[PDB]
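*Asks:* Sharing final_38.cif here; it has mmCIF, N, CA and C atoms.
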data_target
#
loop_
_atom_site.group_PDB
_atom_site.id
_atom_site.type_symbol
_atom_site.label_atom_id
_atom_site.label_comp_id
_atom_site.auth_asym_id
_atom_site.auth_seq_id
_atom_site.Cartn_x
_atom_site.Cartn_y
_atom_site.Cartn_z
ATOM 1 N N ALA Q 1 1.448 1.605 -19.261
ATOM 2 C CA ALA Q 1 2.515 2.585 -19.256
ATOM 3 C C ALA Q 1 2.518 3.375 -17.942
ATOM 4 N N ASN Q 2 2.581 4.702 -17.764
ATOM 5 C CA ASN Q 2 2.787 5.308 -16.451
ATOM 6 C C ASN Q 2 1.722 5.263 -15.355
ATOM 7 N N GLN Q 3 1.067 4.104 -15.156
ATOM 8 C CA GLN Q 3 0.149 3.919 -14.043
ATOM 9 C C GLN Q 3 1.067 3.662 -12.833
ATOM 10 N N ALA Q 4 0.853 4.525 -11.854
ATOM 11 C CA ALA Q 4 1.568 4.478 -10.606
ATOM 12 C C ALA Q 4 0.798 3.681 -9.558
ATOM 13 N N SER Q 5 1.550 3.018 -8.705
ATOM 14 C CA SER Q 5 1.005 2.214 -7.622
ATOM 15 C C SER Q 5 1.443 2.769 -6.284
ATOM 16 N N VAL Q 6 0.797 2.286 -5.229
ATOM 17 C CA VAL Q 6 1.210 2.593 -3.861
ATOM 18 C C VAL Q 6 2.407 1.695 -3.555
ATOM 19 N N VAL Q 7 3.476 2.304 -3.027
ATOM 20 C CA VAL Q 7 4.683 1.568 -2.640
ATOM 21 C C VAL Q 7 4.990 1.925 -1.174
ATOM 22 N N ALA Q 8 5.405 0.924 -0.385
ATOM 23 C CA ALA Q 8 5.725 1.103 1.032
ATOM 24 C C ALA Q 8 6.941 2.016 1.157
ATOM 25 N N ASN Q 9 6.794 3.127 1.832
ATOM 26 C CA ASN Q 9 7.830 4.131 2.017
ATOM 27 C C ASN Q 9 8.635 3.825 3.276
ATOM 28 N N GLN Q 10 8.204 2.823 4.030
ATOM 29 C CA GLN Q 10 8.923 2.321 5.194
ATOM 30 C C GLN Q 10 8.408 0.911 5.385
ATOM 31 N N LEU Q 11 9.043 0.068 6.219
ATOM 32 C CA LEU Q 11 8.447 -1.234 6.512
ATOM 33 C C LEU Q 11 7.116 -0.952 7.230
ATOM 34 N N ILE Q 12 6.049 -1.616 6.790
ATOM 35 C CA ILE Q 12 4.736 -1.452 7.358
ATOM 36 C C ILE Q 12 4.524 -2.722 8.173
ATOM 37 N N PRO Q 13 4.450 -2.624 9.520
ATOM 38 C CA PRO Q 13 4.243 -3.783 10.391
ATOM 39 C C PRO Q 13 2.831 -4.348 10.245
ATOM 40 N N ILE Q 14 2.731 -5.640 10.540
ATOM 41 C CA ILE Q 14 1.468 -6.339 10.547
ATOM 42 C C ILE Q 14 0.489 -5.698 11.516
ATOM 43 N N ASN Q 15 -0.783 -5.735 11.163
ATOM 44 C CA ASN Q 15 -1.884 -5.261 12.000
ATOM 45 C C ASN Q 15 -1.680 -3.894 12.637
ATOM 46 N N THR Q 16 -1.255 -2.996 11.746
ATOM 47 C CA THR Q 16 -1.007 -1.618 12.144
ATOM 48 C C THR Q 16 -1.729 -0.744 11.126
ATOM 49 N N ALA Q 17 -2.448 0.251 11.624
ATOM 50 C CA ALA Q 17 -3.184 1.176 10.792
ATOM 51 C C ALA Q 17 -2.237 1.974 9.884
ATOM 52 N N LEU Q 18 -2.525 1.994 8.587
ATOM 53 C CA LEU Q 18 -1.752 2.744 7.603
ATOM 54 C C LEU Q 18 -1.836 4.254 7.824
ATOM 55 N N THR Q 19 -0.698 4.951 7.747
ATOM 56 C CA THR Q 19 -0.657 6.395 7.849
ATOM 57 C C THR Q 19 -0.047 6.921 6.544
ATOM 58 N N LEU Q 20 -0.222 8.218 6.267
ATOM 59 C CA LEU Q 20 0.322 8.822 5.067
ATOM 60 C C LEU Q 20 1.840 8.747 4.917
ATOM 61 N N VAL Q 21 2.627 8.801 6.011
ATOM 62 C CA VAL Q 21 4.086 8.688 5.893
ATOM 63 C C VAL Q 21 4.480 7.295 5.411
ATOM 64 N N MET Q 22 3.611 6.274 5.511
ATOM 65 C CA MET Q 22 3.992 4.943 5.063
ATOM 66 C C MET Q 22 3.829 4.716 3.559
ATOM 67 N N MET Q 23 3.208 5.606 2.786
ATOM 68 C CA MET Q 23 2.882 5.299 1.390
ATOM 69 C C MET Q 23 3.397 6.320 0.415
ATOM 70 N N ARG Q 24 4.154 5.912 -0.587
ATOM 71 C CA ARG Q 24 4.561 6.835 -1.626
ATOM 72 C C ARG Q 24 4.002 6.324 -2.955
ATOM 73 N N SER Q 25 4.070 7.058 -4.078
ATOM 74 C CA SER Q 25 3.658 6.454 -5.315
ATOM 75 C C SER Q 25 4.810 6.417 -6.273
ATOM 76 N N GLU Q 26 4.803 5.351 -7.067
ATOM 77 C CA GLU Q 26 5.849 5.070 -8.028
ATOM 78 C C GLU Q 26 5.300 4.234 -9.156
ATOM 79 N N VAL Q 27 5.897 4.342 -10.342
ATOM 80 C CA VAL Q 27 5.536 3.517 -11.486
ATOM 81 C C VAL Q 27 6.418 2.286 -11.370
ATOM 82 N N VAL Q 28 5.766 1.195 -10.982
ATOM 83 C CA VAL Q 28 6.409 -0.098 -10.796
ATOM 84 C C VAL Q 28 5.681 -1.166 -11.608
ATOM 85 N N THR Q 29 6.345 -2.296 -11.857
ATOM 86 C CA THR Q 29 5.718 -3.421 -12.523
ATOM 87 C C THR Q 29 6.065 -4.688 -11.755
ATOM 88 N N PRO Q 30 5.077 -5.538 -11.450
ATOM 89 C CA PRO Q 30 3.671 -5.337 -11.809
ATOM 90 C C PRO Q 30 2.919 -4.207 -11.071
ATOM 91 N N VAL Q 31 1.837 -3.771 -11.682
ATOM 92 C CA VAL Q 31 0.981 -2.737 -11.113
ATOM 93 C C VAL Q 31 0.226 -3.264 -9.858
ATOM 94 N N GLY Q 32 0.196 -2.481 -8.771
ATOM 95 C CA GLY Q 32 -0.531 -2.821 -7.553
ATOM 96 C C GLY Q 32 -1.708 -1.882 -7.362
ATOM 97 N N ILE Q 33 -2.059 -1.609 -6.116
ATOM 98 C CA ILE Q 33 -3.135 -0.678 -5.789
ATOM 99 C C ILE Q 33 -2.867 0.695 -6.424
ATOM 100 N N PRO Q 34 -3.771 1.351 -7.178
ATOM 101 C CA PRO Q 34 -3.464 2.647 -7.778
ATOM 102 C C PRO Q 34 -3.079 3.708 -6.776
ATOM 103 N N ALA Q 35 -2.115 4.542 -7.148
ATOM 104 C CA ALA Q 35 -1.665 5.615 -6.296
ATOM 105 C C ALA Q 35 -2.790 6.554 -5.867
ATOM 106 N N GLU Q 36 -3.856 6.679 -6.697
ATOM 107 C CA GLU Q 36 -5.041 7.485 -6.371
ATOM 108 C C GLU Q 36 -5.693 7.037 -5.061
ATOM 109 N N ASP Q 37 -5.554 5.738 -4.752
ATOM 110 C CA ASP Q 37 -6.191 5.237 -3.565
ATOM 111 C C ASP Q 37 -5.419 5.432 -2.282
ATOM 112 N N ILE Q 38 -4.266 6.125 -2.233
ATOM 113 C CA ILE Q 38 -3.618 6.381 -0.948
ATOM 114 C C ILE Q 38 -4.528 6.995 0.151
ATOM 115 N N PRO Q 39 -5.356 8.038 -0.040
ATOM 116 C CA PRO Q 39 -6.286 8.541 0.969
ATOM 117 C C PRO Q 39 -7.233 7.487 1.575
ATOM 118 N N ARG Q 40 -7.797 6.597 0.734
ATOM 119 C CA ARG Q 40 -8.714 5.529 1.153
ATOM 120 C C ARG Q 40 -8.022 4.600 2.105
ATOM 121 N N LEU Q 41 -6.754 4.319 1.775
ATOM 122 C CA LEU Q 41 -5.998 3.353 2.555
ATOM 123 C C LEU Q 41 -5.660 3.775 3.947
ATOM 124 N N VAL Q 42 -5.698 5.079 4.230
ATOM 125 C CA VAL Q 42 -5.448 5.587 5.574
ATOM 126 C C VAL Q 42 -6.348 4.882 6.590
ATOM 127 N N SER Q 43 -5.686 4.422 7.652
ATOM 128 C CA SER Q 43 -6.141 3.635 8.778
ATOM 129 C C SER Q 43 -6.677 2.247 8.459
ATOM 130 N N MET Q 44 -6.504 1.751 7.226
ATOM 131 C CA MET Q 44 -6.760 0.344 6.961
ATOM 132 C C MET Q 44 -5.527 -0.424 7.441
ATOM 133 N N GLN Q 45 -5.567 -1.736 7.601
ATOM 134 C CA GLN Q 45 -4.441 -2.535 8.077
ATOM 135 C C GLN Q 45 -4.012 -3.529 7.024
ATOM 136 N N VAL Q 46 -2.734 -3.934 7.080
ATOM 137 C CA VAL Q 46 -2.237 -4.981 6.199
ATOM 138 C C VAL Q 46 -2.202 -6.290 6.963
ATOM 139 N N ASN Q 47 -2.293 -7.380 6.226
ATOM 140 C CA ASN Q 47 -2.359 -8.677 6.859
ATOM 141 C C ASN Q 47 -1.044 -9.399 6.898
ATOM 142 N N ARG Q 48 0.037 -8.739 6.499
ATOM 143 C CA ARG Q 48 1.381 -9.286 6.521
ATOM 144 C C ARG Q 48 2.293 -8.068 6.626
ATOM 145 N N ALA Q 49 3.459 -8.192 7.231
ATOM 146 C CA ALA Q 49 4.402 -7.079 7.231
ATOM 147 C C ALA Q 49 4.826 -6.773 5.778
ATOM 148 N N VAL Q 50 4.924 -5.488 5.406
ATOM 149 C CA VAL Q 50 5.302 -5.091 4.055
ATOM 150 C C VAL Q 50 6.681 -4.408 4.127
ATOM 151 N N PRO Q 51 7.752 -5.003 3.611
ATOM 152 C CA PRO Q 51 9.091 -4.418 3.548
ATOM 153 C C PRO Q 51 9.131 -3.106 2.789
ATOM 154 N N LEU Q 52 10.073 -2.244 3.175
ATOM 155 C CA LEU Q 52 10.367 -1.018 2.446
ATOM 156 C C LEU Q 52 10.460 -1.250 0.922
ATOM 157 N N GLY Q 53 9.813 -0.418 0.096
ATOM 158 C CA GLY Q 53 9.917 -0.551 -1.333
ATOM 159 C C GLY Q 53 8.995 -1.576 -1.978
ATOM 160 N N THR Q 54 8.175 -2.289 -1.189
ATOM 161 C CA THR Q 54 7.271 -3.292 -1.737
ATOM 162 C C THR Q 54 6.036 -2.623 -2.328
ATOM 163 N N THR Q 55 5.549 -3.083 -3.474
ATOM 164 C CA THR Q 55 4.288 -2.583 -4.039
ATOM 165 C C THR Q 55 3.119 -3.144 -3.201
ATOM 166 N N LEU Q 56 2.221 -2.295 -2.722
ATOM 167 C CA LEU Q 56 1.032 -2.702 -2.003
ATOM 168 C C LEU Q 56 0.031 -3.256 -3.019
ATOM 169 N N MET Q 57 -0.290 -4.531 -2.806
ATOM 170 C CA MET Q 57 -1.236 -5.269 -3.632
ATOM 171 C C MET Q 57 -2.604 -5.387 -2.928
ATOM 172 N N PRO Q 58 -3.736 -5.498 -3.653
ATOM 173 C CA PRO Q 58 -5.088 -5.579 -3.092
ATOM 174 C C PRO Q 58 -5.257 -6.623 -2.003
ATOM 175 N N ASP Q 59 -4.613 -7.779 -2.202
ATOM 176 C CA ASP Q 59 -4.734 -8.893 -1.266
ATOM 177 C C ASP Q 59 -4.016 -8.696 0.058
ATOM 178 N N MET Q 60 -3.201 -7.643 0.171
ATOM 179 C CA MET Q 60 -2.444 -7.366 1.388
ATOM 180 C C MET Q 60 -3.234 -6.527 2.363
ATOM 181 N N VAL Q 61 -4.270 -5.812 1.903
ATOM 182 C CA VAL Q 61 -4.969 -4.874 2.760
ATOM 183 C C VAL Q 61 -6.305 -5.484 3.187
ATOM 184 N N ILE Q 62 -6.487 -5.548 4.475
ATOM 185 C CA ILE Q 62 -7.682 -6.096 5.070
ATOM 186 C C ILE Q 62 -8.805 -5.110 4.760
ATOM 187 N N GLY Q 63 -9.846 -5.581 4.095
ATOM 188 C CA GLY Q 63 -11.071 -4.819 3.835
ATOM 189 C C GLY Q 63 -11.045 -4.050 2.520
ATOM 190 N N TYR Q 64 -9.973 -4.211 1.740
ATOM 191 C CA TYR Q 64 -9.867 -3.464 0.523
ATOM 192 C C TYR Q 64 -10.701 -4.076 -0.583
ATOM 193 N N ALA Q 65 -11.456 -3.258 -1.267
ATOM 194 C CA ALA Q 65 -12.117 -3.669 -2.500
ATOM 195 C C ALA Q 65 -11.977 -2.381 -3.324
ATOM 196 N N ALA Q 66 -11.688 -2.423 -4.623
ATOM 197 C CA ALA Q 66 -11.495 -1.221 -5.431
ATOM 198 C C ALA Q 66 -12.767 -0.570 -6.019
#
Would you mind writing the structure in this file as structure tokens?
*Replies:*
Amino acid sequence: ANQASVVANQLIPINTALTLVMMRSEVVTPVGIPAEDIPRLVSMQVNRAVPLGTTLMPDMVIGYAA
């Protein structure tokens, strides 16, 4: 039910360090990375460009383990 995930608040380019303006939280399905983890994700990189509105999934972030 209302488990929120991290959602791309702008297109996130490949191999670019994540900043706080790039991540919002929303209740989406399927569930992705928990919204609680937005602070952890700061300055981690994604391995593929992430379009606006896409749910950030564990496999997209280089070095992510929950």
*Asks:* Mind telling me what the PyMOL selection byres (((chain Q and resi 47 and name CA) around 6) and name CA) catches here, as number ranges by chain?
*Replies:* Q: 14, 46, 48, 60
*Asks:* Could you please write out, as a ChimeraX atom specification, every residue of chain Q that DSSP assigns to alpha helix (DSSP H)?
*Replies:* /Q:38-41
*Asks:* With the file shown as input, list the residues that the PyMOL selection byres ((chain Q and resi 25-27) around 5) selects, as a list in words.
*Replies:*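 Answer for the PyMOL selection byres ((chain Q and resi 25-27) around 5): residues 3, 4, 5, 6, 7, 23, 24, 28 and 29 of chain Q.
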*Asks:* Those residues you just picked out, can you put them in a file as a PDB file, keeping the file's coordinate frame with N, CA and C atoms?
*Replies:*
ATOM      1  N   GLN Q   3       1.067   4.104 -15.156  1.00  0.00           N
ATOM      2  CA  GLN Q   3       0.149   3.919 -14.043  1.00  0.00           C
ATOM      3  C   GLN Q   3       1.067   3.662 -12.833  1.00  0.00           C
ATOM      4  N   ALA Q   4       0.853   4.525 -11.854  1.00  0.00           N
ATOM      5  CA  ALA Q   4       1.568   4.478 -10.606  1.00  0.00           C
ATOM      6  C   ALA Q   4       0.798   3.681  -9.558  1.00  0.00           C
ATOM      7  N   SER Q   5       1.550   3.018  -8.705  1.00  0.00           N
ATOM      8  CA  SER Q   5       1.005   2.214  -7.622  1.00  0.00           C
ATOM      9  C   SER Q   5       1.443   2.769  -6.284  1.00  0.00           C
ATOM     10  N   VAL Q   6       0.797   2.286  -5.229  1.00  0.00           N
ATOM     11  CA  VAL Q   6       1.210   2.593  -3.861  1.00  0.00           C
ATOM     12  C   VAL Q   6       2.407   1.695  -3.555  1.00  0.00           C
ATOM     13  N   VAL Q   7       3.476   2.304  -3.027  1.00  0.00           N
ATOM     14  CA  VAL Q   7       4.683   1.568  -2.640  1.00  0.00           C
ATOM     15  C   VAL Q   7       4.990   1.925  -1.174  1.00  0.00           C
ATOM     16  N   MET Q  23       3.208   5.606   2.786  1.00  0.00           N
ATOM     17  CA  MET Q  23       2.882   5.299   1.390  1.00  0.00           C
ATOM     18  C   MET Q  23       3.397   6.320   0.415  1.00  0.00           C
ATOM     19  N   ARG Q  24       4.154   5.912  -0.587  1.00  0.00           N
ATOM     20  CA  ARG Q  24       4.561   6.835  -1.626  1.00  0.00           C
ATOM     21  C   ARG Q  24       4.002   6.324  -2.955  1.00  0.00           C
ATOM     22  N   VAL Q  28       5.766   1.195 -10.982  1.00  0.00           N
ATOM     23  CA  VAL Q  28       6.409  -0.098 -10.796  1.00  0.00           C
ATOM     24  C   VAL Q  28       5.681  -1.166 -11.608  1.00  0.00           C
ATOM     25  N   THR Q  29       6.345  -2.296 -11.857  1.00  0.00           N
ATOM     26  CA  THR Q  29       5.718  -3.421 -12.523  1.00  0.00           C
ATOM     27  C   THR Q  29       6.065  -4.688 -11.755  1.00  0.00           C
TER      28      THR Q  29
END
*Asks:* Run DSSP on the backbone and give me the residues of chain Q it puts in strand (DSSP E or B), as a list in words.
*Replies:* residues 5, 6, 7, 8, 12, 17, 23, 24, 25, 26, 34, 45, 46, 50, 55, 61 and 62 of chain Q
*Asks:* Nearest residue to residue 44 of chain Q out of Q:12, Q:65, Q:18, Q:1, using only C-alpha atoms?
*Replies:*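 Looking at the shortest contact to residue 44 of chain Q, the residue is Q:18.
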*Asks:* Would you compute the distance between atom N of residue 17 of chain Q and atom C of residue 2 of chain Q? Give it in Å to one decimal.
*Replies:* 27.8 Å
*Asks:* Mind pulling up the distance from atom CA of residue 63 of chain Q to atom CA of residue 36 of chain Q?
*Replies:*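 Atom CA of residue 63 of chain Q lies 17.1 Å from atom CA of residue 36 of chain Q.
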*Asks:* Name the closest residue to residue 59 of chain Q among the candidates Q:20, Q:10, Q:39, Q:32; distances are taken between atoms, counting only C-alpha atoms.
*Replies:*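 Closest to residue 59 of chain Q of all the choices is Q:32.
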*Asks:* Would you please work out which residue, of Q:66, Q:56, Q:19, Q:11, is nearest to residue 41 of chain Q when using only N, CA and C atoms?
*Replies:*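 Comparing Q:66, Q:56, Q:19, Q:11 against residue 41 of chain Q, the winner is Q:19.
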*Asks:* Rounded to one decimal in Å, what is the spacing between atom C of residue 64 of chain Q and atom N of residue 34 of chain Q?
*Replies:* 11.0 Å
*Asks:* My list of candidates is Q:16, Q:30, Q:35, Q:22. Which is closest to residue 62 of chain Q when distances are computed with only C-alpha atoms?
*Replies:*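 Distance minimum relative to residue 62 of chain Q lands on Q:16.
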